[PDB]
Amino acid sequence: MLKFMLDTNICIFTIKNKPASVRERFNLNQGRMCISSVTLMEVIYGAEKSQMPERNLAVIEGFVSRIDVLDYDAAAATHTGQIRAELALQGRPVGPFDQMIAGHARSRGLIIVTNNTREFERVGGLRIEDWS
């Protein structure tokens, strides 16, 4: 039933700001949404480096409990190894986490849901969507 993978940027964006236009999108696409463990790593970091971790961790838990968290598996690691080389041929930069998120999506055939498509456009063969 799954269809969309929320990258980190949309996750922050939503967690930090809770936009109304995102709430409808989430309410409506409940059950077809997931994140990568890599994105989870980052929001947990934001909570844990913040000045009120136990509060922010609790806000994370409620977000993550509503969606699936997918393990970054050998399939994601393979596709990421290809992508990192694909970018070497194209000569365009991408951040580490983001390329693992991309590989993970391609490995499972999921649509990247983001707010900043400009990074994910450089890598090949992905459906990308902007929910901002």
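Each residue number is its position in the shown sequence, starting from 1.
As recorded in the PDB entry, 80-88 is the stretch of 66-74 and 80-88 with the greater mean C-alpha temperature factor. Of the two stretches examined, 34-42 and 90-98, the record assigns the greater average C-alpha temperature factor to 90-98. In this PDB entry, the Cα temperature factor of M52 sits in the middle third of its chain's modelled residues. Among the modelled residues of the chain, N9 sits in the lowest third by CA temperature factor in this PDB entry. Sort the modelled residues of the chain by CA B factor and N116 lands in the highest third.
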